[PDB]
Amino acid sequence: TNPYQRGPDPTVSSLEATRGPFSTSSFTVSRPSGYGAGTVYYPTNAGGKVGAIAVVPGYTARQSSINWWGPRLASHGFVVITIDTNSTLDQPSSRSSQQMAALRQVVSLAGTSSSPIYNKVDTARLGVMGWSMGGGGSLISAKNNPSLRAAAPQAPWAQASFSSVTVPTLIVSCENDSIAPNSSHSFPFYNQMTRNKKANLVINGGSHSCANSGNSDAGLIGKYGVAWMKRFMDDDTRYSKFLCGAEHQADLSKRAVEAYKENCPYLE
């Protein structure tokens, strides 16, 4: 019935694992169009076209900060492009422009017969992620392009307001962030968004890098990122229980969950 549904029925163990069920590969973008550099991660056996997600680092940072998301999401049925920005010193509006450029190049490569992702992407189903100024850029992308299916920034930094956002947005926040303090960034952004499905996962004791490659909470954080993108990029209500149901409630006793805010249930 759901034409976008891919893969086996999820379990807690399957979403906390380092990899999902699908086999994956990756390639470097030969000629990046409107951004600095990219790596594309993709499933080889997803069982149909999949949505695509663009992930952007923060100020001074590169793909290595955020690229654990590439194999983690791709192995659950997504095409993921992890980027470097034209300059490590680019600010959120610029990061957002580059993020959308990266999505546009994934759309271009999906129509290119020589590309490994030829005919693999549903070019109508796109999402945004990123760290710090790249997370603020994700929220800007969603504000400016409401046809995006999902946003899942981490420790976002921005000097912008997001009251108009209608895109389903998960913010991952790090309790002890001194760089994008939640009292100035994550929490005001969450409170501003009155028009969308939303959630805010706050990681206990986390510094600003608490959701980056190599983090010690990747089972938990990766479960939420994947379940958010499945629910909203694929309309896959099999994943609702991890966001709003009994599985979600079971997480709330974990030491690593400082706080969790949401406007469940998420109705179709």
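One-based numbering along the sequence shown.
A.B. asks: Out of 122-130 and 187-195, which stretch has the higher average CA B-factor listed in the record?
C.D. replies: Comparing 122-130 with 187-195, the higher average CA B-factor belongs to 187-195.
A.B. asks: Per the entry, where is the mean C-alpha temperature factor higher: 106-114 or 148-156?
C.D. replies: The stretch with the larger average C-alpha B-factor is 106-114.
A.B. asks: Could you check 96, 87, 82, 178 and tell me which one carries the biggest Cα B-factor in the deposited entry?
C.D. replies: That would be 178, according to the entry.
A.B. asks: Which one of 169, 141, 182, 91 shows the biggest C-alpha B-factor in the PDB entry?
C.D. replies: Among 169, 141, 182, 91, the PDB entry lists the largest C-alpha B-factor for 182.
A.B. asks: Mind checking which third residue 70 falls in for C-alpha B-factor across the chain?
C.D. replies: For residue 70, the deposited C-alpha B-factor lands in the lowest third.
A.B. asks: Among all modelled residues of this chain, ranked by Cα B factor, put residue 218 in the bottom, middle or top third, i.e. lowest, middle or highest.
C.D. replies: It falls in the top third of the chain.
A.B. asks: Please place residue 39 in the lowest, middle or highest third of its chain according to the CA B-factor in the PDB entry.
C.D. replies: For residue 39, whose C-alpha B-factor we compare with every modelled residue in the chain, the answer is the lowest third.
A.B. asks: Consider only the C-alpha atoms of the modelled residues in this chain, order them by B-factor as the entry records it, and name the third containing residue 63: lowest, middle or highest.
C.D. replies: Lowest third - that is where residue 63 ends up once the chain's C-alpha B-factors are sorted.
A.B. asks: Pull the Cα B-factor of residue 100 out of the PDB entry and bin it into the chain's lowest, middle or highest third.
C.D. replies: Lowest third - that is where residue 100 ends up once the chain's C-alpha B-factors are sorted.
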